[PDB]
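Colleague: I'm passing along coords_36.tsv; it holds TSV, N, CA, C and O atoms.
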```tsv
chain	number	residue	atom	x	y	z
T	1	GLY	N	-110.17	-106.76	122.70
T	1	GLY	CA	-110.05	-108.16	123.09
T	1	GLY	C	-111.34	-108.93	122.91
T	1	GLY	O	-112.43	-108.36	123.01
T	2	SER	N	-111.22	-110.23	122.66
T	2	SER	CA	-112.39	-111.07	122.46
T	2	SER	C	-112.41	-112.22	123.46
T	2	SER	O	-113.35	-112.37	124.24
T	3	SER	N	-111.35	-113.03	123.44
T	3	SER	CA	-111.24	-114.17	124.34
T	3	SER	C	-110.41	-113.81	125.57
T	3	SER	O	-109.22	-114.13	125.64
T	4	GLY	N	-111.04	-113.15	126.53
T	4	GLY	CA	-110.35	-112.75	127.74
T	4	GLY	C	-110.06	-113.93	128.65
T	4	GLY	O	-108.91	-114.34	128.80
T	5	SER	N	-111.11	-114.47	129.26
T	5	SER	CA	-110.96	-115.61	130.17
T	5	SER	C	-111.84	-116.78	129.72
T	5	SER	O	-113.06	-116.75	129.88
T	6	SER	N	-111.20	-117.80	129.16
T	6	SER	CA	-111.93	-118.98	128.69
T	6	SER	C	-112.87	-119.50	129.76
T	6	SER	O	-112.61	-119.37	130.96
T	7	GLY	N	-113.98	-120.10	129.33
T	7	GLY	CA	-114.95	-120.64	130.26
T	7	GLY	C	-114.49	-121.94	130.90
T	7	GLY	O	-114.36	-122.03	132.12
T	8	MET	N	-114.25	-122.95	130.06
T	8	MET	CA	-113.80	-124.25	130.55
T	8	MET	C	-112.35	-124.50	130.17
T	8	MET	O	-111.95	-124.27	129.03
T	9	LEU	N	-111.56	-124.96	131.14
T	9	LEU	CA	-110.15	-125.25	130.90
T	9	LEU	C	-109.76	-126.60	131.50
T	9	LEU	O	-109.38	-126.69	132.66
T	10	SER	N	-109.85	-127.64	130.68
T	10	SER	CA	-109.51	-128.99	131.13
T	10	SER	C	-109.53	-129.97	129.96
T	10	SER	O	-110.01	-129.65	128.87
T	11	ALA	N	-109.00	-131.17	130.19
T	11	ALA	CA	-108.96	-132.20	129.16
T	11	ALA	C	-109.45	-133.54	129.70
T	11	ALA	O	-109.08	-133.94	130.80
T	12	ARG	N	-110.28	-134.21	128.92
T	12	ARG	CA	-110.82	-135.51	129.32
T	12	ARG	C	-109.70	-136.50	129.61
T	12	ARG	O	-109.52	-136.94	130.74
T	13	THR	N	-108.95	-136.85	128.57
T	13	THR	CA	-107.85	-137.80	128.70
T	13	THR	C	-106.76	-137.52	127.68
T	13	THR	O	-107.03	-137.04	126.58
T	14	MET	N	-105.52	-137.83	128.04
T	14	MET	CA	-104.38	-137.61	127.15
T	14	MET	C	-103.51	-138.86	127.07
T	14	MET	O	-102.34	-138.79	126.70
T	15	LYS	N	-104.09	-140.01	127.41
T	15	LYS	CA	-103.37	-141.27	127.38
T	15	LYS	C	-103.04	-141.67	125.94
T	15	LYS	O	-102.06	-142.38	125.69
T	16	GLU	N	-103.86	-141.21	125.00
T	16	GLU	CA	-103.65	-141.52	123.59
T	16	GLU	C	-103.17	-140.29	122.83
T	16	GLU	O	-102.16	-140.35	122.13
T	17	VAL	N	-103.89	-139.19	122.97
T	17	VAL	CA	-103.53	-137.95	122.30
T	17	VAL	C	-103.03	-138.21	120.89
T	17	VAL	O	-102.27	-137.43	120.33
T	18	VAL	N	-103.47	-139.32	120.31
T	18	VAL	CA	-103.08	-139.69	118.95
T	18	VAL	C	-104.27	-139.71	118.01
T	18	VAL	O	-104.18	-139.28	116.86
T	19	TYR	N	-105.40	-140.21	118.51
T	19	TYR	CA	-106.62	-140.28	117.71
T	19	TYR	C	-107.41	-138.98	117.80
T	19	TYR	O	-108.50	-138.87	117.24
T	20	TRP	N	-106.85	-138.00	118.50
T	20	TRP	CA	-107.50	-136.71	118.66
T	20	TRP	C	-107.92	-136.14	117.31
T	20	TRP	O	-107.60	-136.70	116.26
T	21	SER	N	-108.63	-135.02	117.34
T	21	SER	CA	-109.09	-134.37	116.12
T	21	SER	C	-108.23	-133.16	115.79
T	21	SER	O	-107.46	-132.67	116.61
T	22	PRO	N	-108.37	-132.65	114.55
T	22	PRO	CA	-107.62	-131.49	114.08
T	22	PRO	C	-108.06	-130.20	114.76
T	22	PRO	O	-107.37	-129.18	114.69
T	23	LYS	N	-109.21	-130.25	115.42
T	23	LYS	CA	-109.74	-129.08	116.12
T	23	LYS	C	-109.38	-129.12	117.60
T	23	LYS	O	-109.34	-128.08	118.26
T	24	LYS	N	-109.12	-130.32	118.11
T	24	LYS	CA	-108.75	-130.49	119.51
T	24	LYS	C	-107.29	-130.12	119.74
T	24	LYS	O	-106.98	-129.30	120.61
T	25	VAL	N	-106.40	-130.72	118.96
T	25	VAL	CA	-104.97	-130.46	119.08
T	25	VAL	C	-104.71	-128.98	119.35
T	25	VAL	O	-103.81	-128.62	120.11
T	26	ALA	N	-105.50	-128.12	118.71
T	26	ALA	CA	-105.36	-126.68	118.88
T	26	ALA	C	-105.75	-126.25	120.29
T	26	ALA	O	-104.95	-125.66	121.02
T	27	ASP	N	-106.99	-126.54	120.66
T	27	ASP	CA	-107.49	-126.18	121.99
T	27	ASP	C	-106.46	-126.51	123.06
T	27	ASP	O	-106.33	-125.78	124.05
T	28	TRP	N	-105.74	-127.60	122.87
T	28	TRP	CA	-104.72	-128.03	123.83
T	28	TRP	C	-103.57	-127.03	123.88
T	28	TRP	O	-102.98	-126.79	124.93
T	29	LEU	N	-103.25	-126.44	122.73
T	29	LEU	CA	-102.17	-125.47	122.64
T	29	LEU	C	-102.50	-124.22	123.45
T	29	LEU	O	-101.80	-123.89	124.41
T	30	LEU	N	-103.56	-123.52	123.06
T	30	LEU	CA	-103.98	-122.31	123.75
T	30	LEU	C	-104.17	-122.57	125.25
T	30	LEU	O	-103.93	-121.69	126.07
T	31	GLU	N	-104.58	-123.79	125.58
T	31	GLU	CA	-104.80	-124.17	126.97
T	31	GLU	C	-103.54	-123.92	127.80
T	31	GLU	O	-103.62	-123.66	129.00
T	32	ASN	N	-102.39	-124.01	127.15
T	32	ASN	CA	-101.11	-123.80	127.83
T	32	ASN	C	-100.42	-122.54	127.31
T	32	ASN	O	-99.24	-122.32	127.56
T	33	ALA	N	-101.17	-121.72	126.59
T	33	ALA	CA	-100.63	-120.48	126.03
T	33	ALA	C	-99.65	-120.76	124.90
T	33	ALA	O	-98.54	-120.23	124.89
T	34	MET	N	-100.06	-121.61	123.96
T	34	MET	CA	-99.22	-121.96	122.83
T	34	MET	C	-99.93	-121.70	121.51
T	34	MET	O	-99.97	-122.55	120.62
T	35	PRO	N	-100.52	-120.50	121.38
T	35	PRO	CA	-101.25	-120.11	120.17
T	35	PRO	C	-100.33	-119.89	118.98
T	35	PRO	O	-100.78	-119.71	117.85
T	36	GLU	N	-99.02	-119.91	119.24
T	36	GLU	CA	-98.03	-119.71	118.19
T	36	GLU	C	-97.84	-120.99	117.38
T	36	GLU	O	-97.43	-120.95	116.22
T	37	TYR	N	-98.14	-122.13	118.00
T	37	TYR	CA	-97.99	-123.42	117.34
T	37	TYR	C	-99.31	-123.85	116.69
T	37	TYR	O	-99.35	-124.81	115.92
T	38	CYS	N	-100.38	-123.13	117.01
T	38	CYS	CA	-101.70	-123.44	116.47
T	38	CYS	C	-101.69	-123.35	114.95
T	38	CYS	O	-102.27	-124.19	114.26
T	39	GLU	N	-101.03	-122.32	114.42
T	39	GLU	CA	-100.95	-122.12	112.98
T	39	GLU	C	-100.42	-123.37	112.29
T	39	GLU	O	-101.09	-123.96	111.43
T	40	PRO	N	-99.20	-123.78	112.66
T	40	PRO	CA	-98.56	-124.97	112.08
T	40	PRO	C	-99.24	-126.27	112.52
T	40	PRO	O	-99.13	-127.29	111.84
T	41	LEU	N	-99.95	-126.21	113.64
T	41	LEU	CA	-100.64	-127.38	114.16
T	41	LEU	C	-102.14	-127.28	113.90
T	41	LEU	O	-102.93	-128.03	114.48
T	42	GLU	N	-102.53	-126.35	113.04
T	42	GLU	CA	-103.93	-126.15	112.70
T	42	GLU	C	-104.55	-127.44	112.17
T	42	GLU	O	-105.62	-127.86	112.62
T	43	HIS	N	-103.88	-128.07	111.21
T	43	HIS	CA	-104.36	-129.31	110.62
T	43	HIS	C	-103.58	-130.51	111.16
T	43	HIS	O	-103.44	-131.52	110.48
T	44	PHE	N	-103.08	-130.38	112.38
T	44	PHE	CA	-102.30	-131.45	113.00
T	44	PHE	C	-103.20	-132.31	113.89
T	44	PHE	O	-104.17	-131.83	114.47
T	45	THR	N	-102.86	-133.59	113.98
T	45	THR	CA	-103.63	-134.53	114.79
T	45	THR	C	-102.82	-135.02	115.99
T	45	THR	O	-101.60	-135.20	115.90
T	46	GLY	N	-103.50	-135.24	117.11
T	46	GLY	CA	-102.82	-135.71	118.31
T	46	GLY	C	-101.65	-136.62	117.99
T	46	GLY	O	-100.61	-136.54	118.64
T	47	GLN	N	-101.82	-137.48	117.00
T	47	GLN	CA	-100.77	-138.41	116.60
T	47	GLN	C	-99.59	-137.66	115.99
T	47	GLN	O	-98.44	-137.89	116.36
T	48	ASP	N	-99.88	-136.77	115.06
T	48	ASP	CA	-98.84	-135.98	114.40
T	48	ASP	C	-98.18	-135.02	115.38
T	48	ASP	O	-96.98	-134.76	115.30
T	49	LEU	N	-98.98	-134.48	116.29
T	49	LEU	CA	-98.47	-133.54	117.29
T	49	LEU	C	-97.43	-134.20	118.19
T	49	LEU	O	-96.37	-133.63	118.45
T	50	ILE	N	-97.74	-135.41	118.65
T	50	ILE	CA	-96.83	-136.15	119.51
T	50	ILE	C	-95.61	-136.64	118.74
T	50	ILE	O	-94.56	-136.89	119.32
T	51	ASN	N	-95.76	-136.76	117.42
T	51	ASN	CA	-94.67	-137.22	116.57
T	51	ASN	C	-93.75	-136.06	116.21
T	51	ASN	O	-92.99	-136.14	115.24
T	52	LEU	N	-93.81	-135.00	117.00
T	52	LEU	CA	-92.97	-133.82	116.76
T	52	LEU	C	-91.65	-133.94	117.52
T	52	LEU	O	-91.62	-134.35	118.68
T	53	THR	N	-90.56	-133.57	116.85
T	53	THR	CA	-89.24	-133.62	117.46
T	53	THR	C	-88.44	-132.36	117.16
T	53	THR	O	-88.69	-131.68	116.17
T	54	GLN	N	-87.48	-132.05	118.02
T	54	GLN	CA	-86.64	-130.87	117.85
T	54	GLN	C	-86.18	-130.74	116.40
T	54	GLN	O	-85.97	-129.63	115.90
T	55	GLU	N	-86.01	-131.88	115.73
T	55	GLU	CA	-85.57	-131.89	114.34
T	55	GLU	C	-86.65	-131.32	113.42
T	55	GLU	O	-86.35	-130.64	112.44
T	56	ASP	N	-87.91	-131.61	113.75
T	56	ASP	CA	-89.03	-131.12	112.96
T	56	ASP	C	-89.12	-129.60	113.00
T	56	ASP	O	-89.75	-128.98	112.15
T	57	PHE	N	-88.47	-129.01	114.00
T	57	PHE	CA	-88.47	-127.56	114.16
T	57	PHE	C	-87.56	-126.90	113.13
T	57	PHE	O	-87.88	-125.84	112.59
T	58	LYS	N	-86.43	-127.53	112.86
T	58	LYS	CA	-85.47	-127.01	111.89
T	58	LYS	C	-86.14	-126.74	110.55
T	58	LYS	O	-85.67	-125.93	109.75
T	59	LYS	N	-87.25	-127.43	110.30
T	59	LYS	CA	-87.99	-127.27	109.05
T	59	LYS	C	-89.46	-126.97	109.33
T	59	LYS	O	-89.96	-127.18	110.43
T	60	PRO	N	-90.17	-126.48	108.30
T	60	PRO	CA	-91.59	-126.14	108.41
T	60	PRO	C	-92.47	-127.38	108.54
T	60	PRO	O	-92.03	-128.51	108.31
T	61	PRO	N	-93.74	-127.17	108.92
T	61	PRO	CA	-94.27	-125.84	109.20
T	61	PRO	C	-93.69	-125.23	110.47
T	61	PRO	O	-93.57	-124.01	110.60
T	62	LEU	N	-93.32	-126.09	111.42
T	62	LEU	CA	-92.75	-125.65	112.68
T	62	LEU	C	-91.31	-125.18	112.49
T	62	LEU	O	-90.39	-126.00	112.43
T	63	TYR	N	-91.12	-123.87	112.40
T	63	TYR	CA	-89.79	-123.30	112.22
T	63	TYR	C	-89.66	-121.98	112.98
T	63	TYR	O	-90.49	-121.08	112.84
T	64	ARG	N	-88.60	-121.88	113.79
T	64	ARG	CA	-88.36	-120.67	114.57
T	64	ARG	C	-89.67	-120.03	115.00
T	64	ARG	O	-89.83	-118.81	114.93
T	65	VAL	N	-90.61	-120.86	115.45
T	65	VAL	CA	-91.91	-120.37	115.89
T	65	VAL	C	-91.80	-119.65	117.23
T	65	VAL	O	-92.61	-118.77	117.55
T	66	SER	N	-90.80	-120.04	118.02
T	66	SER	CA	-90.59	-119.43	119.33
T	66	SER	C	-89.10	-119.17	119.57
T	66	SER	O	-88.25	-119.68	118.85
T	67	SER	N	-88.81	-118.38	120.60
T	67	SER	CA	-87.43	-118.06	120.94
T	67	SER	C	-86.86	-119.06	121.94
T	67	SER	O	-85.88	-118.78	122.63
T	68	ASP	N	-87.49	-120.23	122.01
T	68	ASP	CA	-87.04	-121.28	122.92
T	68	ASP	C	-86.61	-122.52	122.16
T	68	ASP	O	-86.74	-123.64	122.64
T	69	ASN	N	-86.09	-122.31	120.95
T	69	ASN	CA	-85.64	-123.42	120.11
T	69	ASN	C	-86.63	-124.58	120.17
T	69	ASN	O	-86.23	-125.75	120.17
T	70	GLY	N	-87.92	-124.26	120.21
T	70	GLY	CA	-88.94	-125.29	120.27
T	70	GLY	C	-88.83	-126.14	121.52
T	70	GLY	O	-89.05	-127.36	121.47
T	71	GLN	N	-88.49	-125.51	122.64
T	71	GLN	CA	-88.35	-126.22	123.90
T	71	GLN	C	-89.69	-126.31	124.63
T	71	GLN	O	-90.14	-127.40	124.99
T	72	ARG	N	-90.32	-125.16	124.85
T	72	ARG	CA	-91.60	-125.10	125.53
T	72	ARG	C	-92.55	-126.18	125.00
T	72	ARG	O	-93.11	-126.96	125.77
T	73	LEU	N	-92.72	-126.21	123.68
T	73	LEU	CA	-93.60	-127.19	123.05
T	73	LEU	C	-93.09	-128.60	123.27
T	73	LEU	O	-93.77	-129.43	123.88
T	74	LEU	N	-91.88	-128.88	122.78
T	74	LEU	CA	-91.28	-130.20	122.93
T	74	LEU	C	-91.53	-130.76	124.32
T	74	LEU	O	-91.81	-131.95	124.48
T	75	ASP	N	-91.43	-129.90	125.33
T	75	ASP	CA	-91.66	-130.31	126.71
T	75	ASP	C	-93.13	-130.59	126.96
T	75	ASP	O	-93.49	-131.57	127.62
T	76	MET	N	-93.99	-129.72	126.44
T	76	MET	CA	-95.43	-129.87	126.61
T	76	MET	C	-95.93	-131.15	125.94
T	76	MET	O	-96.92	-131.74	126.36
T	77	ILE	N	-95.23	-131.56	124.89
T	77	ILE	CA	-95.59	-132.77	124.16
T	77	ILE	C	-94.96	-134.01	124.78
T	77	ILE	O	-95.62	-135.03	124.95
T	78	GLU	N	-93.68	-133.90	125.12
T	78	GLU	CA	-92.96	-135.01	125.73
T	78	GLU	C	-93.83	-135.73	126.75
T	78	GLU	O	-93.77	-136.95	126.89
T	79	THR	N	-94.64	-134.96	127.48
T	79	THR	CA	-95.52	-135.53	128.49
T	79	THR	C	-96.71	-136.24	127.85
T	79	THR	O	-97.20	-137.23	128.38
T	80	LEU	N	-97.16	-135.72	126.72
T	80	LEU	CA	-98.29	-136.30	126.01
T	80	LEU	C	-97.97	-137.72	125.55
T	80	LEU	O	-98.87	-138.52	125.28
T	81	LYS	N	-96.69	-138.04	125.47
T	81	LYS	CA	-96.25	-139.36	125.05
T	81	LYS	C	-96.00	-140.26	126.26
T	81	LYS	O	-96.57	-141.35	126.37
T	82	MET	N	-95.15	-139.80	127.17
T	82	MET	CA	-94.83	-140.56	128.37
T	82	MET	C	-96.04	-141.35	128.85
T	82	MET	O	-95.90	-142.45	129.40
T	83	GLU	N	-97.23	-140.79	128.65
T	83	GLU	CA	-98.46	-141.44	129.07
T	83	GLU	C	-98.78	-142.63	128.17
T	83	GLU	O	-98.98	-143.75	128.65
T	84	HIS	N	-98.82	-142.39	126.86
T	84	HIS	CA	-99.11	-143.44	125.90
T	84	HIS	C	-98.14	-144.61	126.05
T	84	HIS	O	-97.06	-144.46	126.63
T	85	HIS	N	-98.53	-145.77	125.54
T	85	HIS	CA	-97.69	-146.96	125.63
T	85	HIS	C	-96.64	-146.97	124.52
T	85	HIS	O	-96.81	-147.62	123.49
T	86	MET	N	-95.56	-146.23	124.74
T	86	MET	CA	-94.48	-146.15	123.76
T	86	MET	C	-93.17	-146.66	124.35
T	86	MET	O	-92.39	-145.88	124.90
T	87	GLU	N	-92.93	-147.96	124.24
T	87	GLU	CA	-91.71	-148.56	124.77
T	87	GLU	C	-90.48	-147.99	124.08
T	87	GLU	O	-90.14	-148.38	122.97
T	88	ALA	N	-89.81	-147.06	124.76
T	88	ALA	CA	-88.61	-146.43	124.22
T	88	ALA	C	-87.38	-147.30	124.45
T	88	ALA	O	-87.35	-148.11	125.38
T	89	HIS	N	-86.37	-147.13	123.60
T	89	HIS	CA	-85.14	-147.90	123.72
T	89	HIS	C	-84.54	-147.77	125.12
T	89	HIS	O	-84.99	-146.95	125.92
T	90	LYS	N	-83.53	-148.58	125.40
T	90	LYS	CA	-82.86	-148.55	126.70
T	90	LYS	C	-81.40	-148.15	126.56
T	90	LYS	O	-80.94	-147.20	127.17
T	91	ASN	N	-80.67	-148.90	125.73
T	91	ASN	CA	-79.25	-148.63	125.51
T	91	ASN	C	-78.99	-147.13	125.42
T	91	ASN	O	-79.78	-146.39	124.83
T	92	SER	N	-77.89	-146.69	126.02
T	92	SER	CA	-77.53	-145.28	126.01
T	92	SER	C	-76.10	-145.08	125.51
T	92	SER	O	-75.14	-145.54	126.14
T	93	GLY	N	-75.97	-144.41	124.37
T	93	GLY	CA	-74.65	-144.17	123.80
T	93	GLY	C	-74.58	-144.53	122.33
T	93	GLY	O	-74.23	-145.64	121.96
T	94	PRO	N	-74.92	-143.56	121.47
T	94	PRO	CA	-74.91	-143.76	120.01
T	94	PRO	C	-73.49	-143.88	119.46
T	94	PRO	O	-72.52	-143.56	120.14
T	95	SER	N	-73.38	-144.36	118.23
T	95	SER	CA	-72.08	-144.53	117.59
T	95	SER	C	-71.56	-143.21	117.05
T	95	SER	O	-70.42	-142.82	117.32
T	96	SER	N	-72.40	-142.51	116.29
T	96	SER	CA	-72.02	-141.22	115.71
T	96	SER	C	-73.05	-140.15	116.06
T	96	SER	O	-74.23	-140.43	116.21
T	97	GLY	N	-72.58	-138.91	116.19
T	97	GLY	CA	-73.46	-137.81	116.52
T	97	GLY	C	-72.80	-136.46	116.34
T	97	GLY	O	-73.34	-135.58	115.66
```
Go ahead and render the structure in this file as structure tokens.

Modeller:
Amino acid sequence: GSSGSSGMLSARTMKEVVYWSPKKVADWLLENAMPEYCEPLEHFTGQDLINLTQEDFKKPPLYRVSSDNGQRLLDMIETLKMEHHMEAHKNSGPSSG
């Protein structure tokens, strides 16, 4: 083993998590035990990371990365957005699905 117990475990701010760096997005993953998404998110940016959807899982780079149909991550990210100023739609009930 090499990285047994990390020294520092915390984040300055996640209100944007969009302008982040390609090296930070990763640290955030391992921080929550998500080293499996680091590979596909190696060159990912806070912005691209938050722009991830269950649909993006069906295809690469993020594909069958976990046995949770990309739930653990989707949930870990969903929060990264709720913070940012992203006015989501209101109406509920699509035409086709």

Colleague: Would you mind listing what lies within 6 Å of region 27-39 of chain T as JSON, numbers by chain, with all atoms listed in the file counted and same-chain residues fewer than 4 positions away left out?

Modeller: {"T": [23, 43, 65]}

Colleague: Can you list, as an MDAnalysis selection string, all residues belonging to chain T that DSSP tags as helix (DSSP H, G or I)?

Modeller: chainID T and resid 24:31 46:50 54:58 71:83

Colleague: If the box runs along x, y and z of the file and leaves 6 Å on each side of region 8-26 of chain T, what are its centre and edge lengths in Å, one decimal, as AutoDock Vina command-line options?

Modeller:
```
--center_x -108.2 --center_y -132.7 --center_z 123.4 --size_x 24.2 --size_y 31.4 --size_z 30.6
```

Colleague: For a test of reading the model, state the distance in Å between atom C of residue 46 (chain T) and atom O of residue 80 (chain T), rounded to one decimal.

Modeller: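 Atom O of residue 80 (chain T) lies 8.0 Å from atom C of residue 46 (chain T).
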
Colleague: In Å, how far is it from CA of residue 57 (chain T) to CA of residue 70 (chain T)?

Modeller: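 About the pair CA of residue 57 (chain T) and CA of residue 70 (chain T): they are 6.5 Å apart.
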
Colleague: Given the choices T:72, T:67, T:6, T:77, which gets closest to residue 52 (chain T) if the distance is worked out from all atoms listed in the file?

Modeller: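 Smallest distance to residue 52 (chain T) is found for T:77.
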
Colleague: What's the separation between CA of residue 26 (chain T) and CA of residue 48 (chain T), in Å to one decimal place?

Modeller: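 Interatomic distance here is 12.2 Å.
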
Colleague: Nearest to residue 61 (chain T): which of T:49, T:76, T:41, T:88 is it, counting only C-alpha atoms?

Modeller: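 Of all the options, T:41 lies closest to residue 61 (chain T).
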
Colleague: Per residue of region 20-94 of chain T within 7 Å of region 8-15 of chain T, record the nearest atom pair and its distance in Å to one decimal, counting all atoms listed in the file, with rows in chain order and ascending residue number, as CSV.

Modeller:
```
residue,atom,partner,partner_atom,distance
T:31,CA,T:9,CA,6.7
T:79,O,T:14,O,5.6
T:80,O,T:14,O,3.8
T:81,O,T:15,O,5.6
T:82,C,T:15,O,6.9
T:83,C,T:15,O,4.1
T:84,CA,T:15,O,3.1
T:85,N,T:15,O,4.9
```
